[PDB]
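For reference, the structure discussed in these notes is given below.
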Amino acid sequence: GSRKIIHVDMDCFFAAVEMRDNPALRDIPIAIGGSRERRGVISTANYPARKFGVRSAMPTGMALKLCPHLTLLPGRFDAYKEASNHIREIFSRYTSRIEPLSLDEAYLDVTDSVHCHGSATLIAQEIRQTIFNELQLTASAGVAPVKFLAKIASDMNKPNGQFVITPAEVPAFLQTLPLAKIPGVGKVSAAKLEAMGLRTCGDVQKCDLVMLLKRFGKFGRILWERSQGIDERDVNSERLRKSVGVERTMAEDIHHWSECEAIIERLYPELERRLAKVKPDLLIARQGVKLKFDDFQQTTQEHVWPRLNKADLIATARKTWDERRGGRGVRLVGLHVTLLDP
DNA sequence: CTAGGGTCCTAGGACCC
DNA sequence: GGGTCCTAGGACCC
Ligand SMILES: Cc1cn([C@H]2C[C@H](O)[C@@H](COP(=O)(O)OP(=O)(O)OP(=O)(O)O)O2)c(=O)[nH]c1=O
Ligand SMILES: [Mg+2]
Ligand SMILES: [Mg+2]
């Protein structure tokens, strides 16, 4: 009863799209991200920029200190969505069992596939080659019996490569696998695990599930399972979007309600346009606002509401401004909607 | 020097039975 | 004295 799971993941996605569409950028360091003057961060960088240490989520000021010649690009999201739709269509030539996780990646369950004599290795290779042939972008892939191992494997031979983990190989692979490599084990969890002597899956294997449950709750069961190669999560294919948000960080902090209200007036039309694409009648479950202060604390306040309404979002932002700000400057204003459940 | 797009989990009181 | 809704926060993912 062993499944075959592929994880396909585009290489340096946004940057690879920009280098294809403008070959002038192929061999200089580039990154998509907000300017230093906009208090931006890097969305991603090409390999010439990564060589200097430039990474996703890095503050753009730090990126530019590491790489003074970095070319900063704003981003063309319709171009990325176009490439995304294309690779998902390519995935569909092989199976309907597709769970996209983001624009540039997806799980595929090819257990019941007849392509390539049932070879998940050869299916992954064909998909990667077809994506290069049709989009002139490269992808990496991982092949494993369960989701999380397939996703880890897709990183091990990138760019433009793949890695296969068989059941026979799972114990040796897990023994030294750092817990931080597990999707969902982030910096905070890894530091808590490290402070109790747990670094790798091999370490967690020597642990009592009951202690893990007590110390981490439901997350402790996940850690226990994953550390043994256990991951029964099915490839879904029917997941739907549950929210839409629109937020902006200002170049300077704001200190006056008039400035906040002015920012909302620009955010609202964008929220309405994006909601309408998926809910033409604007009917929703909740709406709300987000403020982020200069001490980086953030607050949200949202409430049951039947239909997108600008004045109520202003009114709510006014309350939040008056009630939870405590005289701090504000660096971000955001609007938010929770979608009806079907 | 710290984005913008999201998902998921936790947790207290409200409301219900 | 349990189940679910409402709400806020926060880790985490891309
Ligand atoms: C991680 C990350 C990605 N993104 C965007 C830009 C990425 O190109 C796109 C897909 O993310 P990833 O697949 O995580 O990264 P990548 O494609 O740029 O590089 P890699 O070859 O290592 O896979 O999502 C962000 O905007 N912010 C982020 O923090
Ligand atoms: Mg990628
Ligand atoms: Mg990806």
Side-chain angles (χ1 to χ4, degrees), chain A residues 7-15 31-45 55-64 66 72-75 77 80-81 84 99-107 147-148 151-152 154-155 179-193 216-223 233 236 239-251 253 267 270-271 274-275 278 285-305 316 319-320 323-324 331-339 341:
Chain A
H7 180 262
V8 182
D9 184 289
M10 298 300 292
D11 298 311
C12 301
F13 183 44
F14 293 8
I32 289 79
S35 75
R36 183 174 35 197
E37 295 67 33
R38 295 269 309 248
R39 304 197 281 188
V41 306
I42 302 306
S43 273
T44 191
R55 300 290 181 275
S56 301
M58 183 165 52
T60 294
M62 176 56 92
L64 279 165
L66 290 161
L72 212 57
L73 272 42
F77 285 91
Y80 313 147
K81 165 62 96 177
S84 186
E99 179 181 344
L101 307 163
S102 65
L103 291 190
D104 90 320
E105 69 184 69
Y107 288 120
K147 278 172 159 192
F148 89 99
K151 177 163 175 71
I152 297 171
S154 70
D155 281 340
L179 299 168
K181 285 220 157 190
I182 295 161
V185 179
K187 293 57 53 201
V188 169
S189 308
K192 183 168 197 195
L193 288 160
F216 299 100
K218 182 257 215 288
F219 187 63
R221 176 173 297 280
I222 295 271
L223 281 163
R233 298 177 298 150
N236 190 307
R239 305 177 59 189
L240 304 165
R241 172 157 74 163
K242 296 179 181 167
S243 66
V244 3
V246 182
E247 67 210 36
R248 274 315 183 277
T249 296
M250 336 311 309
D253 297 349
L267 293 170
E270 290 294 278
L271 179 57
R274 280 162 45 177
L275 181 58
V278 182
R286 314 164 58 77
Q287 66 166 27
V289 307
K290 180 153 79 189
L291 301 186
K292 188 188 286 170
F293 308 107
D294 51 21
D295 70 350
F296 278 79
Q297 180 186 43
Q298 101 176 347
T299 187
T300 56
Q301 77 178 90
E302 311 159 359
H303 48 252
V304 172
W305 195 267
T316 299
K319 217 171 287 216
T320 314
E323 286 173 355
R324 307 176 185 175
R331 61 178 293 112
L332 169 156
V333 181
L335 302 182
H336 191 270
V337 146
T338 305
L339 292 184
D341 277 15

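What you see below is based on every heavy atom in this structure, not just the backbone, and it leaves out hydrogens, waters and symmetry mates. In what follows, chains are A, B, ... by sequence order, proteins preceding strands, each numbered from 1.
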(request) Tell me yes or no: between the side chains of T299(A) and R324(A), is some donor less than 3.5 Å from an acceptor? (result)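 Present: a donor and an acceptor within the cut-off.
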Atom-to-atom span, [atom1] of [X] to [atom2] of [N] - whole angstrom:
X: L66(A); N: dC1(B); atom1: CG; atom2: P; answer: 11 Å
X: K218(A); N: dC8(B); atom1: NZ; atom2: P; answer: 11 Å
X: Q298(A); N: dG4(B); atom1: CD; atom2: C1'; answer: 12 Å
X: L267(A); N: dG4(B); atom1: CG; atom2: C1'; answer: 12 Å
X: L223(A); N: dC9(B); atom1: CG; atom2: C1'; answer: 14 Å
X: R39(A); N: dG4(B); atom1: CZ; atom2: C1'; answer: 15 Å
X: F13(A); N: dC13(C); atom1: CZ; atom2: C1'; answer: 16 Å
X: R286(A); N: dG6(B); atom1: CZ; atom2: P; answer: 17 Å

(request) State the CH2-CZ distance between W305(A) and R286(A), to the nearest 0.5 angstrom. (result)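 Those atoms lie 12.5 Å apart.
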(message) Just verifying a value: how many Å separate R331(A) CZ and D294(A) CG, rounded to the nearest 0.5 Å?
(response)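 Here the rounded value is 9.0 Å.
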Under 4.0 Å, counting only non-hydrogen atoms across every strand here, what does [X] touch: a base, just sugar-phosphate, or nothing?
X: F77(A); answer: nothing
X: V188(A); answer: sugar-phosphate
X: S189(A); answer: sugar-phosphate
X: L103(A); answer: nothing
X: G184(A); answer: sugar-phosphate

Is any side-chain N or O of [X] closer than 4.0 Å to OP1 or OP2 of [N]?
X: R233(A); N: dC8(B); result: no
X: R248(A); N: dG5(B); result: yes
X: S102(A); N: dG5(B); result: no
X: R274(A); N: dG5(B); result: yes
X: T249(A); N: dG4(B); result: yes
X: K242(A); N: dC8(B); result: yes
X: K187(A); N: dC13(C); result: yes
X: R324(A); N: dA8(C); result: yes
X: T299(A); N: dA8(C); result: no
X: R241(A); N: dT7(B); result: no
X: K151(A); N: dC14(C); result: yes

(message) Would you say that more than 12 heavy atoms from the other residues, nucleotides or ligands in this model lie under 6.0 Å from the CZ of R233(A), or not?
(response)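 It does: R233(A) CZ has more than 12 such atoms within range.
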[X] side chain, from C-beta outward: closest of [options]:
X: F296(A); options: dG6(B), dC12(C), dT2(B); answer: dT2(B)
X: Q301(A); options: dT2(B), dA8(C), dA3(B); answer: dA8(C)
X: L332(A); options: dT2(B), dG4(B), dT7(B); answer: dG4(B)

(request) On DNA chain B, check which nucleotide each of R239(A) and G217(A) is closest to and give me the residue with the more 5' one. (result)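 Closest to the 5' end, via its nearest nucleotide, is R239(A).
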(message) If you assign each of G245(A) and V41(A) to its closest nucleotide in DNA chain B, which residue comes earlier from the 5' end?
(response)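 Mapping each residue to its closest nucleotide by heavy atoms, the 5'-most match is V41(A).
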(message) Taking the sign of the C1'-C2'-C3'-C4' torsion, positive for north and negative for south, which way does the sugar of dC13(C) pucker?
(response)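 Here the torsion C1'-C2'-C3'-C4' comes out positive, placing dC13(C) north.
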(request) Categorise the sugar of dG5(B) by the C1'-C2'-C3'-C4' dihedral sign as either north or south. (result)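 Judging by the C1'-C2'-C3'-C4' torsion, which comes out positive, the sugar of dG5(B) sits north.
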(message) Under the side chain to side chain donor-acceptor pair (under 3.5 Å) test against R39(A), which residue among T60(A), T249(A), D253(A) passes?
(response)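 Only one option passes, and that is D253(A).
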(request) Find the partner of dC14(C): check Watson-Crick (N1-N3 plus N6-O4 or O6-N4) and G-U wobble (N1-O2, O6-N3) distances, both under 3.5 Å, and reply none if neither fits. (result)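 With both distances under 3.5 Å, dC14(C) matches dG4(B).
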(message) Below 30° counts as parallel, above 60° as perpendicular, anything between as tilted: where do the rings of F14(A) and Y80(A) land?
(response)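 Ring orientation of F14(A) relative to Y80(A): parallel.
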(request) Considering only NZ, NE, NH1 and NH2 on the basic side and carboxylate oxygens on the acidic side, decide whether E247(A) and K292(A) come within less than 4.0 Å. (result)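 Salt bridge absent between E247(A) and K292(A).
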(message) Distance check, P atoms only: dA11(C) and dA3(B), in whole angstrom units.
(response)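 It works out to 15 Å between them.
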